[PDB]
C-alpha cells in the first residue's frame, strides 16, 4: 500500500501541512501585537484543517474530504487578505458567498452521473472563482495602495501568488478524472497536493514573515 503513488502524495501532504502548522505555532509564540495575533490565528488554523483532512484521507485509504477542506480553508485565506486591506463587510460577505458557490458547484460537478454536465458545473464554479480573483486583483489592490508601504508590498505578492495558484485548480480538475480524464489519478493527486501546500503553507510563510501584519 505504501508503494502506491496515491498513498505517497497523501502522506507527503499530511507531513507538510503538519510541519507548516507547527512552524506557524512556533513563530506566533511571543508575538503580542493584537493585529499580528489575528493573522497568526487564521494562518495557523488553515494548514491545521488541511492536515486533519489529509490525515483522514490516509486513514480512509475518499476524496470527499478534499472539497470539505477547501470549503473551510478558502474562506479563511480570503479573510486573511480582507484583514490585510481592511476590506468592507459587504465585500467580504460577497467573496465568501461566491466562494461557497465555487466549492459547492465543484462538488456537484464531481458527483454528476452524466457527461457534458460535468463541464456545466465546472463553468459555474470557474465563474465564481473569476469574480473572487477580479475583486482581489482590481478591488483589493486599490485599497492596499492607499495603505502603508509594507502592506501594499506584501498584499501584491500574496495577491499574485493567490491568483496563479487558485487559477490552476480548474485546469487540474478539467484534465483530471472529474473532467476529461486525461491525467491519471496519482498525478492529479500530486498536482492538488502541491497546490494545496503552496496556497496554505507557502502563502502563510510569505504573510507571517512580513511586517505588514503588525498594527504599527
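Positions refer to the first chain, counted from 1.
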### Query
Per the entry, where is the mean C-alpha temperature factor higher: 69-77 or 84-92?
84-92
### Summary
Avg C-alpha B-factor, entry values, 115-123 vs 131-139, higher side is 115-123
### Message
According to the Cα B-factor stored in this entry, which of the following is highest: 165, 41, 151, 62?
### Response
62
### Message
Per the entry's Cα B factor values, which of 29, 161, 49, 190 stands out as the maximum?
### Response
29
### Query
Hey, what third does residue 171 fall into on Cα B-factor, ranked over its chain?
lowest
## Note on the structure
Among the modelled residues of its chain, the C-alpha B-factor of residue 147 falls in the third labelled highest
### residue 183, C-alpha B-factor rank within chain (lowest, middle or highest third)
highest
### Task
Sorting the chain's modelled residues by C-alpha B-factor, tell me whether residue 36 ends up in the lowest, middle or highest third.
middle
### Query
So where's residue 45 on the chain's Cα temperature factor ranking, which third?
lowest
